[PDB]
Each structure stands twice: as structure tokens, then as C-alpha cells.
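Step one of this worksheet: look at the structure below.
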Ligand SMILES: Nc1ncnc2c1ncn2[C@@H]1O[C@H](C[C@@H](N)CC[C@H](N)C(=O)O)[C@@H](O)[C@H]1O
Ligand SMILES: Nc1ncnc2c1ncn2[C@@H]1O[C@H](C[C@@H](N)CC[C@H](N)C(=O)O)[C@@H](O)[C@H]1O
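Residue numbers (PDB author numbering), protein chains in the order written: chain A, 79 to 220, 226 to 324; chain A', 79 to 220, 226 to 324. A prime marks a further copy of an entry chain.
Take a look at the structure:
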């Protein structure tokens, strides 16, 4: 059977190692290029990854993310789903939303989900408190498989109220229950779940607890070890249940 | 002093009657072209306005809304704000978001606000329950005036939890408190508030209760009369307070 694994590898190199039409569900949150959007100007609370400075020319960052999304479109099975978590950023005192580059991809946007994180450290009073991230639910372009009946009532809507995972030592993770919602509704046991920016391995832990197959890529061997330790101490608990 | 009024007039004709740089705050929700997006195919729960069928060729609808937004950019004062309420629609089983046309306007998007309506009559289980509308906060292009300190804690964030106004006889209105948040934070007493799709006059009632000047346009004399009756029975109550 397929060997589930977290591979230390560049995300595009990993995606290009997968055949067409081979992944049922992708759940992922890329680096957000906050430092790079600022042209390298430091800021308080700056996200610094183990082996990545998050400081790419913004136009090049957008082209890179488009290549990622286009590879995801290739590797998705017909009827599969890709959940891409991003957030509105700020550029020159104006909104800088992900939609400005997402719309050019081969993937077809099925629905935008709102992740309500409840609170944010950013209390700048020049705008409303920005505690929302977006989860773009894409499907392949050539309705997706979706079983909303599997969810509790409080996750059947387009706003998901999930607090950030403050106990996770990774600098910018998402909670396990977020990945669980995506996986449970769009896959069957044994189906392949992929996270090409696996980080602390949240998507893979969720897939494992739900008895789905899993594959993750990240460039940090420290984060791979973080996943392995987390998997070992996971009692296969599903946080939804 | 300026004569506050609800005028029965086409929205573009009304906007083009205003000089440049003359309006501090716009709050508006246009017809959403749900029937027109469907190419005129009827649907249950169809919105039918008094004098408007909501059935425009979708490309022409988008060009029209762009003309509206471009006129708003012209008539806004520097530092003013326009709050444009729209919603993701569905086309051919895929997402059809307003951003696909909003991005071409002369207005500069400052922030997207999420209006959480709590529930929706649309219980189609092929997607998550779509009870969110968006409020696009734009400013003029050549930070906007904004006093978040005037709001209660529960409206300082990017999600506003406001139930729909089910007692309003207009077929598709928004609640008074929505307009109050926008007006209170971006204007001073006496400043001009405009709604070019005034409907039941919600924006104008809110402006009047806050002692702002107001101007509204709509094509229905029935809705103008609806506003006049509503204003007369309004005890100048501010729902926020
Ligand atoms: N070229 C790249 N290929 C693969 N991973 C990368 C690359 N550049 C950055 N990363 C990783 O992208 C990840 C982004 C994280 N925010 C993801 C965290 C993850 N959602 C979690 O729950 O832990 C980081 O762990 C980076 O190490
Ligand atoms: N060309 C037009 N010019 C002005 N108003 C129009 C035009 N076409 C449609 N309308 C109006 O657009 C309005 C859209 C409404 N959904 C607005 C309701 C409003 N937000 C309220 O709270 O009552 C309707 O009242 C229509 O009569």
C-alpha cells in the first residue's frame, strides 16, 4: 500500500513528483510573504521560519503561488478538493487580498470559507480588527465530493469559529480541527490527503486520525521531526468528535 | 442648508448630478442580479422589486456596477468612505464573487468586512451554508477618516453579527445598525451620507438619527413613500445605543 510520509523537499518539486489525477484532498497554508510584501522592512511579531525568511519579491511570490495552484489542479482527482488558507494583507495603507493572484490559476474556486480566529494581536485602530483568514475551497478544472452530513451543526456554515492553536511551537500553524473538517467531508478512508507546506504536520495528523493516507512536503527537517514527535504522541484522537 | 431628501431617480443619473469631492460617506447595496446571472431562469424565493426585475445580462450588470463605483470615486471627498454591500453568487456550480468586477474600479479597497447574517434559507448541502455577505470598505483614489472608538466592543472587529431585518417590508433590505456603524465611524454631524440604491431608506434613517445630512436615490416611488412613513415614525433612535 501507499507509504504515508512527511518528506523534506521543496513544495513545487514535491508536487511535480506526483502523477496527474492522484490526490483527493489538499489542505494547505503557504508562507504569507508578510516581510516580502513590506520589501524587507522588519516588523514586530515577525514570522521567522526555521529555514525560510518569508521575504520574497511580492510579484515573484504571486507567480510562485500560481505555479503551486496550477500543479495542484493537475494532481487533483476529478471531484477532489483543495483547501488553500490565506489572508488579506496590507500594502501602502490599502487592502492586499489573495484574490488578486488566486483568480489566474487553473483551479476553479468553489466557495470561500471564513476562518474566524476570534482575536488578533493587531489592534491598529485605523481599520476593523483583522482576525479573519480565508479558506479557499477549490476544485479541479478539466460538484466536488462533499458530505456535509458528517459535520456537527456548528461547522455546517461558511464561518468556522476555531481559536488559533497557541500550544503548537511552530511559528504559524493552523488547528487540527480545521484540517479535519476539510478531510472528513471530501474523502473516504484510504484516500490520499496532501499538504505541500506541511509545517508542524497538522494536516497529516488529522489525516492519520481519520485513517486517510497522507503526504506532506516542507523544507525544514526540524518541522519534519516536530511532526514525527506529534504523531507518536497522538492517540489518534479526532478533535471534531 | 442642504436639503435632505430621497429622490426618485436612476442611480447613475443621481450620482452624475453631484459635484466632485462632495460626499463624506456612501452606504449602499445594489440589486444583486440573481435572476440575470441565471439568464432569466426563475428560482424559488426570487427577489422581485417594485419596478425592477433584477434580470440584466451579467456582463452588462458588471459594467453598470463599475460605472456606479467610478462615479462614487469621483464624488467622494478625499478621506471619505464608501461601504458597498454585495455577496458571493453561484454560476455554473462555481463561485461567482463580486471581486471579479470590483477590482477594476477607480475606488481603492481599504478592507473587506464580513456581515454574518447567522442563517440562510439556502440549505443546499453541496456547499457550506452561505449566510455571509461582504461589505467592501472603499476609499477615494486621487487613510480614511475612521473613529473606531465610537463603536461598542462587539462591532470593532471585521465580522459584524447582525441578524437580517425581517420586519422590513422591502424585499431585500439591510438593518439600520449596519448603516449606523458605517456612518458613525466615518463622519461628523452635518456631513453628507449618500445611498444611491436607497430602497426602504435604511441608510437615510440611520443618517437622520445620527444628525448627518442625507441623500438617497431609487427608481420606485413606492419605496420613497416607504421611507417617508418610516422616517415619520422613527423616534430618532440609534440602534447601536
Ligand atoms: N519552498 C517551500 N517548500 C516547502 N515548504 C516550504 C517552502 N517555503 C516555505 N515552506 C514552509 O511553509 C510552511 C508554512 C507554514 N505556515 C505551514 C504551517 C502548517 N499549516 C501547520 O499547521 O503547521 C513553513 O513550515 C515553511 O517551512
Ligand atoms: N437604476 C436604479 N437606480 C436606482 N435604484 C435602483 C435602480 N435599479 C434598482 N434600484 C433599486 O435598488 C434597490 C436595491 C435594494 N436591495 C436596496 C435596499 C436597501 N439597502 C434597504 O435597506 O432598503 C431596490 O430598492 C431597487 O428599487
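Here a beta-carbon is modelled for each residue, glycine too, at the ideal position from N, C-alpha and C.
Per-residue DSSP class, three states only, for residue 184 (chain A'): Position 106 of the second chain, counting from 1, holds the residue named residue 184 (chain A'). The answer is coil: DSSP assigns residue 184 (chain A') none of H, G, I, E or B.
Residue-chain proximity (residue 187 (chain A'), chain A), Cβ-Cβ < 7 Å: On the second chain, position 109 is the one that residue 187 (chain A') refers to. With 7 Å as the cut-off, residue 187 (chain A') counts as an interface residue toward chain A.
Cβ of residue 206 (chain A) within 7 Å of any chain A' Cβ: Stepping through the first chain from its first residue, residue 206 (chain A) is reached at position 128. Chain A' contact via Cβ: present.
CA nearest to the CA of residue 162 (chain A), picked from A:168, A:156, A:172 and A:146: Indexing the first chain from 1 puts residue 162 (chain A) at position 84. Answer by Cα proximity: A:146.
Element boundaries [beta strand (DSSP E), containing residue 102 (chain A)]: Residue mapping note: residue 102 (chain A) aligns to position 24 of the first chain, counting from 1. Counting along the chain, the beta strand (DSSP E) containing residue 102 (chain A) begins and ends at 101-106.
Residues from the region 166-188 of chain A' in contact with chain A, defined by Cβ distance under 8 Å: So the list reads 166, 171, 172, 173, 175, 177, 178, 181, 186, 187 and 188, given in the order they occur along the chain.
Coarse secondary structure for residue 296 (chain A'), derived from DSSP in three states: Taking the first residue of the second chain as 1, we reach residue 296 (chain A') at position 213. Annotated three-state conformation of residue 296 (chain A') is strand, per DSSP.
Buried versus exposed, by CB contacts within 10 Å (16 or more), residue 270 (chain A'): Translated into positions along the second chain, residue 270 (chain A') becomes position 187. Here residue 270 (chain A') is buried, its C-beta having at least 16 other C-beta atoms within 10 Å.
Residue 128 (chain A) and residue 294 (chain A) closer than 7 Å at C-beta: Locating residue 128 (chain A) in the first chain gives position 50, counting from the first residue. Locating residue 294 (chain A) in the first chain gives position 211, counting from the first residue. No, the pair does not count as a contact, with Cβ atoms beyond the cut-off.
Between the CA atoms of residue 174 (chain A') and residue 166 (chain A') - distance to the nearest angstrom: As a first step, residue 166 (chain A') is located in the second chain; it is residue number 88 there, counting from the start. As a first step, residue 174 (chain A') is located in the second chain; it is residue number 96 there, counting from the start. Taking the Cα positions, residue 166 (chain A') is about 6 Å away from residue 174 (chain A').
Cross-chain neighbours of residue 245 (chain A) in chain A', by beta carbon under 8 Å: Taking the first chain and counting its residues from 1, the one referred to as residue 245 (chain A) is at position 162. The contacting residues do not exist; residue 245 (chain A) stays about 13 Å from chain A' at best.
DSSP three-state assignment for residue 321 (chain A'), whether helix, strand or coil: Here residue 321 (chain A') corresponds to residue number 238 of the second chain, with the count starting at 1. Three-state DSSP puts residue 321 (chain A') in coil, outside helix and strand.
beta-carbon residue 300 (chain A) near ligand 1 non-hydrogen atom, thresh 6 Å: As a first step, residue 300 (chain A) must be located in the first chain, where it is residue number 217. For ligand 1, a non-hydrogen atom lies closer than 6 Å to the CB of residue 300 (chain A).
Any non-hydrogen atom of ligand 1 closer than 6 Å to residue 282 (chain A) Cβ: As a position in the first chain, residue 282 (chain A) is number 199, starting the count at 1. For residue 282 (chain A), the distance from the CB to the nearest heavy atom of ligand 1 is below 6 Å.
Cut-off 7 Å between Cβ atoms - residues of its own chain near residue 227 (chain A'), not counting five sequence neighbours on either side: Locating residue 227 (chain A') in the second chain gives position 144, where the first residue counts as 1. By the criterion of a C-beta distance shorter than 7 Å, residue 227 (chain A') is surrounded in its chain by 157, 158, 159, 188 and 269, once the five residues flanking it on both sides are discounted.
Three-way DSSP call (helix, strand, coil) for residue 224 (chain A') in this model: Since the model of chain A' passes from 220 to 226 in one step, residue 224 (chain A') is not part of what is shown.
Local conformation of residue 148 (chain A) per DSSP, three classes: Locating residue 148 (chain A) in the first chain gives position 70, where the first residue counts as 1. In this structure, residue 148 (chain A) counts as helix in the three-state DSSP scheme.
Residues that residue 137 (chain A) contacts on chain A', provided the C-beta gap is smaller than 7 Å: Counting from 1 along the first chain, the entry for residue 137 (chain A) is found at position 59. Ordered by position in chain A', no residue passes the 7 Å Cβ test against residue 137 (chain A), which lies about 16 Å from the chain.
Any non-hydrogen atom of ligand 2 within 6 Å of residue 179 (chain A) CB: Along the first chain, read from residue 1 onward, the residue named residue 179 (chain A) stands at position 101. Remark: the C-beta of residue 179 (chain A) is outside contact range of ligand 2, defined as less than 6 Å to any heavy atom.
Residues near residue 150 (chain A') by beta carbon distance below 6 Å, same chain, minus five either side: Locating residue 150 (chain A') in the second chain gives position 72, where the first residue counts as 1. Result list for residue 150 (chain A'): 104 and 160, in chain order.
Beta carbon of residue 154 (chain A) nearer than 7 Å to that of residue 101 (chain A): On the first chain, residue 154 (chain A) is found 76 positions in, with the first residue counted as 1. On the first chain, residue 101 (chain A) is found 23 positions in, with the first residue counted as 1. Less than 7 Å separates the beta-carbon of residue 154 (chain A) from that of residue 101 (chain A).
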